[PDB]
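*Asks:* Dumping the structure here so I can ask a few things about it.
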Amino acid sequence: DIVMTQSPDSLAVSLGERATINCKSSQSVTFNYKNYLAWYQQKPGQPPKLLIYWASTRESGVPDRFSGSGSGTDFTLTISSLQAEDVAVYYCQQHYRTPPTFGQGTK
Amino acid sequence: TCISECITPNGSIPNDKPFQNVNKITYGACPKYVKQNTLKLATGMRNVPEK
Amino acid sequence: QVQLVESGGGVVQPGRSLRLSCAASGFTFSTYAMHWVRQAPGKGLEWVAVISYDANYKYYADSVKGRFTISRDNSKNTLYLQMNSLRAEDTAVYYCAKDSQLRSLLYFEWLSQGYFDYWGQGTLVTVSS
Amino acid sequence: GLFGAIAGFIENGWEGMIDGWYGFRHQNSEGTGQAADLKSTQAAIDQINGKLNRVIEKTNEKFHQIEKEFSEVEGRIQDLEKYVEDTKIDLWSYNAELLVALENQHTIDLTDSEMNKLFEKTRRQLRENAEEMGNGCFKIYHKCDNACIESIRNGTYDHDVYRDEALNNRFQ
Amino acid sequence: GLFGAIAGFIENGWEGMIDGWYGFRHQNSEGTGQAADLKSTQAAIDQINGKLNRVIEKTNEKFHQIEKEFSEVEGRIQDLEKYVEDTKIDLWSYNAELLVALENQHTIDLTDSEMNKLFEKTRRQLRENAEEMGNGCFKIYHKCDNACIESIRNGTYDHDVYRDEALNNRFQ
Amino acid sequence: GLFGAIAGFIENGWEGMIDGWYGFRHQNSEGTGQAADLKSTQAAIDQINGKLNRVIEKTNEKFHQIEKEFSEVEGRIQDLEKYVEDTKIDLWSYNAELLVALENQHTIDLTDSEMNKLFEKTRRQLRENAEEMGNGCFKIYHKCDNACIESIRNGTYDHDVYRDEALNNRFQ
Ligand SMILES: *[C@@H]1O[C@H](CO)[C@@H](O[C@@H]2O[C@H](CO)[C@@H](O)[C@H](O)[C@H]2NC(C)=O)[C@H](O)[C@H]1NC(C)=O
Ligand SMILES: *[C@@H]1O[C@H](CO)[C@@H](O[C@@H]2O[C@H](CO)[C@@H](O)[C@H](O)[C@H]2NC(C)=O)[C@H](O)[C@H]1NC(C)=O
Ligand SMILES: *[C@@H]1O[C@H](CO)[C@@H](O)[C@H](O)[C@H]1NC(C)=O
């Protein structure tokens, strides 16, 4: 197994301002120039849709303003400014090693 | 009643492979008919066990 | 595009069984490794298991290992899960996702999977009597 | 292969290694054991994978195909209808037969190459502390317990700690 | 690639080497500088030249080509005309997509070899007076001026002159 | 060639070696001399003989071949009967020209590899008693007479017996 933080725990921002979560793993998650790490959105009672993947790529067809970065173990989401359609549960997750290891839940 | 893209006169085949040997008549997204009936690709290393 | 309508889940009492189902339309299903993913309400999100596109590689997370039996059919484009002897902290909803990686060769317990791409509609289960 | 590790200076492969493709075996003071190396395993599988996916994104979605079996003896047009398929099918076999055979000789020489790679990652760790026996085996020249060689396996080996000992065991 | 120098034991590449494809970077008593190694930057470019040139001459020049688009429905003779060309097309497309895929894999592996080749050219010159750190870097075991770095790079190093000086730094 | 053994780090080839394809020329107290290493020479020959036979297993035993010359000017049908054949020939040649190329490229790279493989296998066997001269010659650092030499050639050379002698010739 392998362990994923989301520190600090819960978000408490207002409407129209930047902010940042922080995901940390035990074993490193970089191998052959690719960073194995993907997040998710879950509007309570809807099964999750995909946010970032492989570290810093946008989702299938996601909003323009989100950003994601970091290498190795020290990753960092960054939302541009909190909008109306942004009131859901969140996680970070790795897929470098089976079993894929999840987080706890960001409101 | 089933699902299968490729139909031959012999009947439906799977197009997960690249090459069929079933029948040279097809209809649909059908693998390329070839003469051979088995062509195996390596999915692993050379196997060198003991005696 | 992609759809993943599920099936067949409700309540059943302790130490019992039910087989779940997962339809899949809108992508060549028989070339993508498939998952099951669960949450207990409010607490942490959790991983169940996986089943290679092959149909001949399966791996579980220790919490259900030795009780469960995952599988799939490819003429009828669907994924199940067979549950036998349900335990205490099991009460949860289940969700069939799609692995991103193409024909991932799951040759060993521990190999790098790919990120969870798409997600099924749902199914309700509660180990309760 | 072309590198002559696998089925080369590596006498023969290991049937008791179920958790990995390439990996380590020690003998030492404390006992003797075996572990897989996970990166070089994943390395190899991750190519053989993409390779496979590449070999397969094709299936002739074309296109109103022509008649190929026959009710009669018709002469000229029929003849060409057969020549045209009989020919295609000859080519498309050659194509297939070549493909596997290249793909396969590469798929082999590639995994041989990885076993070299692991071997050169390991020599370069043991700068002047070890010597190559010649059979994929290193003689370290210093006392090395199950926590020591674990360093080597997980790439965290410092060589200057042990240098003074090892050198003296080797050259004196 | 196969040889695992580039994208391998050599962490990454020098975006600020602009007179060549392979080379050296020093740190010595006199400071810090860099030079391209030409011989190897030539032989890597010289195969790619041939290779390209080989891939190119080649142009289908024949012969009163058949009609390919059609303004009526005619059934059989047409049905064949199209299927003849439709089939041909799929062949060349494959024929092509294989070539590029093949060539490249090789272009990538030969450029890799050339690096590892230059790595082992150096190693053998510095017979005993240095040791491979494994990040594509040596640690020469003596004092070496700009005149001695540039003497290594232009083939004219003399292991024996700095021999005695080398061994004391290593062992004692 | 990929490995740099032949046509490269080994200056040129020995025109006076007729026993085999890979060899050992020496110099010691008991004059000089040559000898061919067979375990290698076969190894290559095997691989060639092998691909030779892979390359030739086919003869297009395909049915009724249409008319390919023509006596009169006819039109649509004759036109398609030429286009079909013209097109066939153009591919078969593309295939044909690519086979010789890939195969030949490989054959070279393969014989290169075997040289290097010998040279490694030997250096390993010589653990700490010689140094790579640079040109694919060694410097054995003791008194190795024609007896001893062959030991190294046919594998039986036990390094420990000498070491003492050679360690002292190297660093004293
Ligand atoms: C790789 O393995 C090493 C050695 O087995 C581990 O090192 C840790 O820290 C010290 C320093 O050498 C060791 O004695 C312990 O065995 C380890 N302790 C703990 C608390 O982890 C370590 O697990 C691995 N290296 C890294 C950098 O994580
Ligand atoms: C290759 O470059 C070297 C390194 O600078 C050159 O070194 C000169 O060599 C001669 C003796 O051969 C000396 O007079 C000087 O030390 C060097 N002169 C200068 C101006 O640097 C040399 O020209 C080249 N090597 C050879 C063997 O010709
Ligand atoms: C090598 O050949 C010579 C005789 O020519 C001798 O040293 C020895 O018997 C041989 N070694 C082996 C292993 O046959």
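Letters A, B, ... go to the chains of the structure tokens in the order shown; residues in each chain start at 1; ligands are counted from 1 in the same order.
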Do you know which residues are within 6 Å of ligand 1 using only C-alpha atoms and all ligand atoms? Can you write them as a compact mmCIF listing (two decimals) with N, CA, C and O atoms, in the first residue's frame?

*Replies:*
# COMPACT_ATOMS: atom_id res chain seq x y z
N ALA D 147 19.73 -5.32 5.76
CA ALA D 147 19.43 -3.89 5.61
C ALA D 147 20.41 -3.21 4.64
O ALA D 147 20.01 -2.30 3.91
N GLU D 150 19.60 -4.14 1.02
CA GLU D 150 18.32 -3.53 0.71
C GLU D 150 18.57 -2.13 0.13
O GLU D 150 17.90 -1.71 -0.82
N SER D 151 19.57 -1.42 0.65
CA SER D 151 19.97 -0.14 0.07
C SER D 151 20.24 -0.28 -1.41
O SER D 151 19.67 0.45 -2.21
N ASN D 154 17.10 -0.81 -3.51
CA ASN D 154 16.37 0.45 -3.65
C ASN D 154 17.27 1.69 -3.91
O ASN D 154 16.92 2.81 -3.54
N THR D 156 19.72 3.29 -2.77
CA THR D 156 20.15 4.21 -1.70
C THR D 156 21.53 3.85 -1.10
O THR D 156 21.82 4.19 0.05

*Asks:* Identify, counting only C-alpha atoms and all ligand atoms, the protein, DNA and RNA residues located within 12 Å of ligand 3, and give them as a PDB file with C-alpha atoms, in the first residue's frame.

*Replies:*
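Written out: selection_31.pdb:
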ATOM      1  CA  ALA F  35      44.058 -18.701 -32.870  1.00  0.00           C
ATOM      2  CA  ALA F  36      40.344 -18.676 -33.870  1.00  0.00           C
ATOM      3  CA  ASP F  37      37.499 -18.668 -31.268  1.00  0.00           C
ATOM      4  CA  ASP F 145      53.430 -18.193 -21.421  1.00  0.00           C
ATOM      5  CA  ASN F 146      51.743 -20.076 -24.311  1.00  0.00           C
ATOM      6  CA  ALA F 147      50.442 -22.626 -21.760  1.00  0.00           C
ATOM      7  CA  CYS F 148      48.524 -20.110 -19.629  1.00  0.00           C
ATOM      8  CA  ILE F 149      47.400 -18.101 -22.716  1.00  0.00           C
ATOM      9  CA  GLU F 150      45.342 -20.911 -24.198  1.00  0.00           C
ATOM     10  CA  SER F 151      43.672 -21.345 -20.792  1.00  0.00           C
ATOM     11  CA  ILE F 152      42.154 -17.841 -21.367  1.00  0.00           C
ATOM     12  CA  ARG F 153      41.159 -18.739 -24.927  1.00  0.00           C
ATOM     13  CA  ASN F 154      39.361 -21.899 -24.064  1.00  0.00           C
ATOM     14  CA  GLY F 155      37.938 -20.675 -20.782  1.00  0.00           C
ATOM     15  CA  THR F 156      39.986 -22.516 -18.194  1.00  0.00           C
ATOM     16  CA  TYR F 157      42.046 -19.473 -16.956  1.00  0.00           C
ATOM     17  CA  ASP F 158      41.913 -19.181 -13.117  1.00  0.00           C
TER      18      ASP F 158
END

*Asks:* Got a sec to pull out which chain D residues are within 9 Å of chain B, counting only C-alpha atoms, and send them as JSON, numbers by chain?

*Replies:* {"D": [1, 6, 7, 11, 12, 13, 14, 15, 21, 44, 45, 48, 49, 52, 55, 56, 57, 58, 59, 60, 61, 62, 63, 64, 65, 66, 67, 68, 69, 85, 89, 90, 91, 92, 93, 94, 96, 97, 100, 101, 103, 104, 105, 107, 108, 109, 110, 111, 112]}

*Asks:* Those selected residues, please, written with C-alpha atoms and delivered as a PDB file, in the first residue's frame.

*Replies:*
ATOM      1  CA  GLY D   1      20.072 -11.408 -27.253  1.00  0.00           C
ATOM      2  CA  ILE D   6      19.710 -13.298 -21.046  1.00  0.00           C
ATOM      3  CA  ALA D   7      20.800 -16.757 -22.247  1.00  0.00           C
ATOM      4  CA  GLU D  11      23.550 -18.845 -17.295  1.00  0.00           C
ATOM      5  CA  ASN D  12      19.820 -19.422 -17.089  1.00  0.00           C
ATOM      6  CA  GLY D  13      16.602 -17.798 -15.808  1.00  0.00           C
ATOM      7  CA  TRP D  14      14.799 -18.229 -12.471  1.00  0.00           C
ATOM      8  CA  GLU D  15      11.594 -20.186 -12.043  1.00  0.00           C
ATOM      9  CA  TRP D  21      10.765 -10.270 -14.486  1.00  0.00           C
ATOM     10  CA  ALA D  44      10.016  -3.973 -20.071  1.00  0.00           C
ATOM     11  CA  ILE D  45       6.298  -4.661 -19.745  1.00  0.00           C
ATOM     12  CA  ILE D  48       5.854  -4.764 -24.858  1.00  0.00           C
ATOM     13  CA  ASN D  49       2.555  -3.207 -24.094  1.00  0.00           C
ATOM     14  CA  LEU D  52       1.176  -4.630 -28.913  1.00  0.00           C
ATOM     15  CA  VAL D  55       0.509  -3.845 -33.835  1.00  0.00           C
ATOM     16  CA  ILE D  56      -3.295  -3.775 -33.755  1.00  0.00           C
ATOM     17  CA  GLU D  57      -5.163  -0.421 -34.693  1.00  0.00           C
ATOM     18  CA  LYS D  58      -6.242  -1.799 -38.137  1.00  0.00           C
ATOM     19  CA  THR D  59      -9.214  -3.872 -39.440  1.00  0.00           C
ATOM     20  CA  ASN D  60     -10.253  -2.800 -42.953  1.00  0.00           C
ATOM     21  CA  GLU D  61     -13.354  -0.691 -42.370  1.00  0.00           C
ATOM     22  CA  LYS D  62     -13.541  -0.568 -46.225  1.00  0.00           C
ATOM     23  CA  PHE D  63     -15.586  -1.049 -48.354  1.00  0.00           C
ATOM     24  CA  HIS D  64     -18.093  -2.543 -50.613  1.00  0.00           C
ATOM     25  CA  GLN D  65     -16.118  -5.767 -51.126  1.00  0.00           C
ATOM     26  CA  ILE D  66     -16.529  -7.730 -54.382  1.00  0.00           C
ATOM     27  CA  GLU D  67     -17.828 -11.235 -55.204  1.00  0.00           C
ATOM     28  CA  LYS D  68     -15.208 -13.901 -54.380  1.00  0.00           C
ATOM     29  CA  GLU D  69     -16.974 -17.301 -54.695  1.00  0.00           C
ATOM     30  CA  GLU D  85      -8.031 -11.384 -54.430  1.00  0.00           C
ATOM     31  CA  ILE D  89      -4.271 -12.312 -49.856  1.00  0.00           C
ATOM     32  CA  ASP D  90      -0.714 -13.361 -50.754  1.00  0.00           C
ATOM     33  CA  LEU D  91       0.558  -9.805 -49.902  1.00  0.00           C
ATOM     34  CA  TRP D  92      -1.351  -9.437 -46.775  1.00  0.00           C
ATOM     35  CA  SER D  93       0.189 -12.651 -45.502  1.00  0.00           C
ATOM     36  CA  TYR D  94       3.754 -11.611 -46.267  1.00  0.00           C
ATOM     37  CA  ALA D  96       1.743 -10.454 -41.431  1.00  0.00           C
ATOM     38  CA  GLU D  97       4.594 -12.896 -41.461  1.00  0.00           C
ATOM     39  CA  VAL D 100       5.519 -10.835 -36.242  1.00  0.00           C
ATOM     40  CA  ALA D 101       9.068 -11.949 -37.053  1.00  0.00           C
ATOM     41  CA  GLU D 103       8.370  -7.511 -33.803  1.00  0.00           C
ATOM     42  CA  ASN D 104       9.524 -10.733 -32.149  1.00  0.00           C
ATOM     43  CA  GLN D 105      13.242 -10.516 -32.677  1.00  0.00           C
ATOM     44  CA  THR D 107      10.737  -7.981 -28.429  1.00  0.00           C
ATOM     45  CA  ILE D 108      13.480 -10.452 -27.481  1.00  0.00           C
ATOM     46  CA  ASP D 109      16.602  -8.301 -27.902  1.00  0.00           C
ATOM     47  CA  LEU D 110      14.822  -5.517 -26.057  1.00  0.00           C
ATOM     48  CA  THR D 111      14.301  -7.525 -22.876  1.00  0.00           C
ATOM     49  CA  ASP D 112      17.869  -8.809 -23.070  1.00  0.00           C
TER      50      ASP D 112
END

*Asks:* Return the Cα root-mean-square deviation, in Å, for chain F superposed on chain E by least squares with the Cα atoms paired in order.

*Replies:* 0.4 Å

*Asks:* Select from chain A everything DSSP, run on the backbone, classes as strand (DSSP E), then give the selection as JSON, numbers by chain.

*Replies:* {"A": [22, 23, 24, 30, 31, 34, 35, 37, 38, 39, 40, 41, 42, 49, 50, 67, 68, 69, 74, 75, 76, 77, 78, 89, 90, 91, 92, 93, 94]}

*Asks:* Next, write the just-selected residues to a file, as an mmCIF file, in the first residue's frame, keeping C-alpha atoms as the atom set.

*Replies:*
data_model
loop_
_atom_site.group_PDB
_atom_site.id
_atom_site.type_symbol
_atom_site.label_atom_id
_atom_site.label_comp_id
_atom_site.auth_asym_id
_atom_site.auth_seq_id
_atom_site.Cartn_x
_atom_site.Cartn_y
_atom_site.Cartn_z
ATOM 1 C CA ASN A 22 -1.708 19.769 -1.481
ATOM 2 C CA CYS A 23 -1.357 16.009 -2.229
ATOM 3 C CA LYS A 24 1.650 14.032 -0.833
ATOM 4 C CA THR A 30 7.444 9.654 -11.200
ATOM 5 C CA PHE A 31 8.753 6.984 -13.596
ATOM 6 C CA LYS A 34 5.652 10.672 -16.491
ATOM 7 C CA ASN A 35 3.954 11.551 -13.146
ATOM 8 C CA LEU A 37 -1.430 11.143 -10.498
ATOM 9 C CA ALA A 38 -5.148 11.933 -11.063
ATOM 10 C CA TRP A 39 -7.878 13.783 -9.060
ATOM 11 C CA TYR A 40 -11.732 13.781 -9.182
ATOM 12 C CA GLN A 41 -15.026 15.711 -8.543
ATOM 13 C CA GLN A 42 -18.107 14.181 -6.811
ATOM 14 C CA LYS A 49 -16.174 12.950 -13.115
ATOM 15 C CA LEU A 50 -12.488 13.334 -14.071
ATOM 16 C CA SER A 67 -4.285 24.228 -13.096
ATOM 17 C CA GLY A 68 -2.121 21.437 -11.749
ATOM 18 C CA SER A 69 1.567 20.884 -11.239
ATOM 19 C CA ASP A 74 4.935 17.312 -3.970
ATOM 20 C CA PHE A 75 1.834 17.986 -6.107
ATOM 21 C CA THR A 76 -0.390 21.054 -6.131
ATOM 22 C CA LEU A 77 -3.840 21.785 -7.561
ATOM 23 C CA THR A 78 -4.741 25.487 -8.136
ATOM 24 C CA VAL A 89 -16.478 16.505 -2.761
ATOM 25 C CA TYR A 90 -12.834 15.978 -3.937
ATOM 26 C CA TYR A 91 -9.898 13.518 -3.727
ATOM 27 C CA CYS A 92 -6.374 12.854 -5.003
ATOM 28 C CA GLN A 93 -5.221 9.411 -6.204
ATOM 29 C CA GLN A 94 -2.214 7.499 -7.579
#

*Asks:* Considering only C-alpha atoms, extract the chain D residues located within 12 Å of chain F and return them as a tab-separated table (two decimals) with N, CA and C atoms, in the first residue's frame.

*Replies:*
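Produced file out13.tsv, reproduced below:
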chain	number	residue	atom	x	y	z
D	1	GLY	N	20.67	-12.26	-26.16
D	1	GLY	CA	20.07	-11.41	-27.25
D	1	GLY	C	21.16	-10.82	-28.11
D	2	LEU	N	21.11	-9.51	-28.33
D	2	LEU	CA	22.24	-8.84	-28.95
D	2	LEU	C	23.18	-8.37	-27.82
D	3	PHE	N	22.69	-8.41	-26.59
D	3	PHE	CA	23.46	-7.91	-25.47
D	3	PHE	C	24.04	-9.07	-24.67
D	4	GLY	N	23.46	-10.25	-24.83
D	4	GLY	CA	24.05	-11.45	-24.24
D	4	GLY	C	24.15	-11.39	-22.74
D	5	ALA	N	23.08	-10.91	-22.11
D	5	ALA	CA	22.83	-11.12	-20.70
D	5	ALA	C	21.92	-12.34	-20.61
D	8	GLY	N	22.99	-15.75	-21.91
D	8	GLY	CA	24.38	-15.33	-22.21
D	8	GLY	C	25.24	-15.50	-20.96
D	9	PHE	N	25.76	-14.41	-20.41
D	9	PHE	CA	26.51	-14.54	-19.14
D	9	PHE	C	25.56	-14.82	-17.99
D	10	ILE	N	24.26	-14.69	-18.23
D	10	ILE	CA	23.28	-15.10	-17.25
D	10	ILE	C	22.83	-16.49	-17.60
D	75	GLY	N	-14.85	-17.09	-67.60
D	75	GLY	CA	-13.73	-16.52	-68.33
D	75	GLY	C	-13.31	-15.17	-67.81
D	76	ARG	N	-13.15	-14.20	-68.69
D	76	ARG	CA	-12.21	-13.12	-68.43
D	76	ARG	C	-12.39	-12.30	-67.17
D	77	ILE	N	-13.60	-11.81	-66.91
D	77	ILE	CA	-13.82	-10.95	-65.73
D	77	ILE	C	-13.61	-11.71	-64.43
D	78	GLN	N	-14.17	-12.90	-64.39
D	78	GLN	CA	-14.03	-13.79	-63.26
D	78	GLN	C	-12.57	-14.04	-62.96
D	79	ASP	N	-11.78	-14.22	-64.01
D	79	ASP	CA	-10.39	-14.58	-63.82
D	79	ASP	C	-9.68	-13.49	-63.00
D	80	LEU	N	-9.86	-12.25	-63.46
D	80	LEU	CA	-9.29	-11.07	-62.83
D	80	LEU	C	-9.83	-10.84	-61.41
D	81	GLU	N	-11.11	-11.10	-61.20
D	81	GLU	CA	-11.69	-11.04	-59.86
D	81	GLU	C	-10.97	-11.96	-58.91
D	82	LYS	N	-10.50	-13.11	-59.40
D	82	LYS	CA	-9.76	-14.05	-58.56
D	82	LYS	C	-8.31	-13.65	-58.42
D	83	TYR	N	-7.67	-13.32	-59.53
D	83	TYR	CA	-6.30	-12.82	-59.49
D	83	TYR	C	-6.19	-11.66	-58.52
D	84	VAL	N	-7.23	-10.86	-58.40
D	84	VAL	CA	-7.12	-9.65	-57.63
D	84	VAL	C	-7.20	-10.00	-56.19
D	85	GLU	N	-8.00	-10.97	-55.82
D	85	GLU	CA	-8.03	-11.38	-54.43
D	85	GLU	C	-6.90	-12.33	-54.08
D	86	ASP	N	-6.72	-13.36	-54.88
D	86	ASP	CA	-5.63	-14.28	-54.65
D	86	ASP	C	-4.33	-13.50	-54.38
D	87	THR	N	-4.09	-12.42	-55.14
D	87	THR	CA	-2.88	-11.56	-54.99
D	87	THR	C	-2.83	-10.81	-53.64
D	88	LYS	N	-3.92	-10.08	-53.35
D	88	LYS	CA	-4.10	-9.35	-52.11
D	88	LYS	C	-3.82	-10.29	-50.98
D	89	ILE	N	-4.43	-11.44	-51.00
D	89	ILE	CA	-4.27	-12.31	-49.86
D	89	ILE	C	-2.85	-12.80	-49.71
D	90	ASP	N	-2.15	-13.01	-50.82
D	90	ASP	CA	-0.71	-13.36	-50.75
D	90	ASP	C	0.06	-12.18	-50.03
D	91	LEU	N	-0.24	-10.93	-50.39
D	91	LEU	CA	0.56	-9.81	-49.90
D	91	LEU	C	0.28	-9.64	-48.44
D	92	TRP	N	-0.97	-9.80	-48.08
D	92	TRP	CA	-1.35	-9.44	-46.78
D	92	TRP	C	-0.86	-10.49	-45.82
D	93	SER	N	-0.46	-11.65	-46.34
D	93	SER	CA	0.19	-12.65	-45.50
D	93	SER	C	1.62	-12.26	-45.27
D	94	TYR	N	2.38	-12.12	-46.36
D	94	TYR	CA	3.75	-11.61	-46.27
D	94	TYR	C	3.82	-10.51	-45.24
D	95	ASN	N	2.94	-9.54	-45.39
D	95	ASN	CA	2.88	-8.45	-44.45
D	95	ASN	C	2.84	-9.00	-43.05
D	97	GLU	N	3.53	-11.99	-41.86
D	97	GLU	CA	4.59	-12.90	-41.46
D	97	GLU	C	5.84	-12.10	-41.13
D	98	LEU	N	6.11	-11.09	-41.94
D	98	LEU	CA	7.22	-10.19	-41.66
D	98	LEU	C	6.98	-9.52	-40.32
D	99	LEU	N	5.77	-9.00	-40.11
D	99	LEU	CA	5.50	-8.20	-38.93
D	99	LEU	C	5.83	-9.00	-37.70
D	101	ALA	N	7.66	-11.60	-37.16
D	101	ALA	CA	9.07	-11.95	-37.05
D	101	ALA	C	10.01	-10.77	-36.71
D	102	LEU	N	9.68	-9.53	-37.09
D	102	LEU	CA	10.51	-8.39	-36.74
D	102	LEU	C	10.16	-8.11	-35.33
D	105	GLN	N	11.81	-10.55	-32.90
D	105	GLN	CA	13.24	-10.52	-32.68
D	105	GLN	C	13.60	-9.27	-31.91
D	106	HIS	N	12.86	-8.19	-32.11
D	106	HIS	CA	13.04	-7.00	-31.32
D	106	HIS	C	12.55	-7.23	-29.88
D	109	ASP	N	15.32	-9.00	-28.10
D	109	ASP	CA	16.60	-8.30	-27.90
D	109	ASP	C	16.38	-7.14	-26.96
D	128	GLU	N	34.12	0.94	-6.47
D	128	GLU	CA	35.33	0.12	-6.27
D	128	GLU	C	35.20	-0.86	-5.11
D	130	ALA	N	33.15	-3.73	-5.41
D	130	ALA	CA	32.86	-5.07	-5.97
D	130	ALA	C	33.65	-5.44	-7.25
D	131	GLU	N	33.47	-6.68	-7.69
D	131	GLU	CA	34.06	-7.16	-8.93
D	131	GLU	C	33.07	-8.06	-9.63
D	132	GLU	N	33.10	-8.06	-10.96
D	132	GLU	CA	32.21	-8.94	-11.73
D	132	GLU	C	32.80	-10.33	-11.84
D	133	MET	N	32.15	-11.26	-11.16
D	133	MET	CA	32.51	-12.67	-11.21
D	133	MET	C	32.52	-13.12	-12.66
D	134	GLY	N	31.49	-12.72	-13.41
D	134	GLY	CA	31.40	-13.04	-14.83
D	134	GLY	C	30.11	-13.73	-15.22
D	135	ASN	N	29.31	-14.06	-14.22
D	135	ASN	CA	28.10	-14.83	-14.41
D	135	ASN	C	26.93	-14.11	-13.79
D	136	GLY	N	26.83	-12.82	-14.09
D	136	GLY	CA	25.80	-11.97	-13.50
D	136	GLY	C	25.89	-11.88	-11.99
D	137	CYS	N	27.10	-12.06	-11.46
D	137	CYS	CA	27.32	-12.11	-10.02
D	137	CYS	C	28.39	-11.12	-9.58
D	138	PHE	N	28.10	-10.42	-8.48
D	138	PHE	CA	29.04	-9.50	-7.92
D	138	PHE	C	29.58	-10.09	-6.66
D	139	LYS	N	30.90	-10.00	-6.48
D	139	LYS	CA	31.53	-10.22	-5.17
D	139	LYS	C	31.71	-8.83	-4.61
D	170	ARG	N	40.17	-6.28	-0.96
D	170	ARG	CA	40.53	-6.57	-2.36
D	170	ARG	C	42.03	-6.58	-2.61
D	171	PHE	N	42.66	-5.44	-2.39
D	171	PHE	CA	44.03	-5.23	-2.82
D	171	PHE	C	45.06	-5.67	-1.78
D	172	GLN	N	44.60	-5.94	-0.55
D	172	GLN	CA	45.47	-6.42	0.55
D	172	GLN	C	44.87	-7.66	1.24

*Asks:* Give as an mmCIF file with C-alpha atoms, in the first residue's frame every residue of chain B that touches chain C within 9 Å, counting only C-alpha atoms.

*Replies:*
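Listed below is the output, selection30.cif:
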data_model
loop_
_atom_site.group_PDB
_atom_site.id
_atom_site.type_symbol
_atom_site.label_atom_id
_atom_site.label_comp_id
_atom_site.auth_asym_id
_atom_site.auth_seq_id
_atom_site.Cartn_x
_atom_site.Cartn_y
_atom_site.Cartn_z
ATOM 1 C CA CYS B 2 -25.715 -10.845 -29.865
ATOM 2 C CA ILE B 3 -23.260 -8.071 -30.684
ATOM 3 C CA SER B 4 -20.472 -8.510 -33.257
ATOM 4 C CA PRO B 14 -14.265 -10.811 -33.218
ATOM 5 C CA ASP B 16 -10.056 -7.606 -31.573
#

*Asks:* Using only C-alpha atoms, which protein or nucleic acid residues come within 12 Å of residue 90 of chain C? Drop anything in the same chain fewer than 4 positions from it, and give the result as a ChimeraX atom specification.

*Replies:* /C:11-15,38-41,46,48,63-64,83,85-86,94,124-128

*Asks:* I need the residue nearest ligand 2 from this list: E:43, E:144, E:166, E:18. Use only C-alpha atoms and all ligand atoms for the distance.

*Replies:* E:144

*Asks:* Ranking C:50, C:2, C:34, C:20 by minimum distance to residue 110 of chain C and counting only C-alpha atoms, which one comes first?

*Replies:*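 Residue with the minimum atom-to-atom distance to residue 110 of chain C: C:50.
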
*Asks:* So how many Å separate atom CA of residue 1 of chain C and atom CA of residue 97 of chain C, to one decimal?

*Replies:* 14.9 Å

*Asks:* In Å, how far is it from atom CA of residue 129 of chain F to atom CA of residue 169 of chain F?

*Replies:*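 Distance between the two atoms: 9.3 Å.
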
*Asks:* Each residue of chain D lying at most 10 Å from chain A should get a row with its shortest atom-to-atom pair and the distance in Å to one decimal, counting only C-alpha atoms; could you produce that, ordered by chain and increasing number, as CSV?

*Replies:*
residue,atom,partner,partner_atom,distance
D:38,CA,A:97,CA,9.9
D:39,CA,A:31,CA,8.1
D:42,CA,A:31,CA,9.5
D:43,CA,A:32,CA,8.2

*Asks:* Return as a PyMOL selection string the full set of residues in segment 19-164 of chain D whose backbone-based DSSP assignment is alpha helix (DSSP H).

*Replies:* chain D and resi 38-55+76-125+148-153+160-164

*Asks:* Work out how far atom CA of residue 65 of chain A is from atom CA of residue 80 of chain A, in Å to one decimal.

*Replies:* 5.4 Å
